[PDB]
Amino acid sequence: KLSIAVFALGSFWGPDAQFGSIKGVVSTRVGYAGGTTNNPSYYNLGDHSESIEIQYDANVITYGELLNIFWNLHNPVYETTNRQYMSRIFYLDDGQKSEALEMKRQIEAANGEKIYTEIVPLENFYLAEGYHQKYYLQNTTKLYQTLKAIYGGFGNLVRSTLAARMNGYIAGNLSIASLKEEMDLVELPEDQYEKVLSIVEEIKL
């Protein structure tokens, strides 16, 4: 049982890697939300926005902290009507709604710039195609195939905490020292640990 945040802040690969680098974020998935069609896809998006589903442990990180990260990853001070890339917070309950509204107000007051992020109730979230998940990791072939085998397949890998952290590392959002601590948490057999570390170290060079 974990908590859920759903945000939209432009192309979703960046936020996936950014949020996936954060302690307390257990898993991430990218997808489509905010529209009115059922089962959208990348080239049939209707009125949906590129979004990220963040599964977080509220004992470790708060919704407030996630909102701070959201507004530090982009600066939505423009009125746009481009649905695919719009800044949105999809709240799951009145607590999330109240915290989002209050933080938005505080940001506007502190810089005099109006924020255009829409704070709206979450309707449906639709998972994006496989090729979009953990995008940076998935396109780092040797590391990707090695971790996928260890995790027992694509679905298991992309839902894992370590994959989220590894994706962040590849994107440049997590230090190698932090990554090694994350590897320690999953308690791999030492030969897999060393095999993975060597690929990771080699990437660091």
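Sequential numbering from 1, following the sequence displayed.
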If you average the Cα B factors in the entry, which is higher, 24-32 or 37-45? 37-45
Which is higher on mean Cα B factor in this entry, 12-20 or 189-197? 189-197
Between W71, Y85, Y78, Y126, let me know which has the highest C-alpha B-factor in the entry? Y78
Residue, from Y169, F154, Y136, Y63, that the PDB entry assigns the highest Cα B-factor: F154
Of the three thirds of Cα B-factor ranks in this chain, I89 occupies the lowest
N173 - Cα temperature factor, lowest/middle/highest third of chain: middle
What third of its chain's C-alpha B-factors does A149 belong to: lowest, middle or highest? highest
In terms of its chain's C-alpha B-factors, the third that includes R159 is the middle
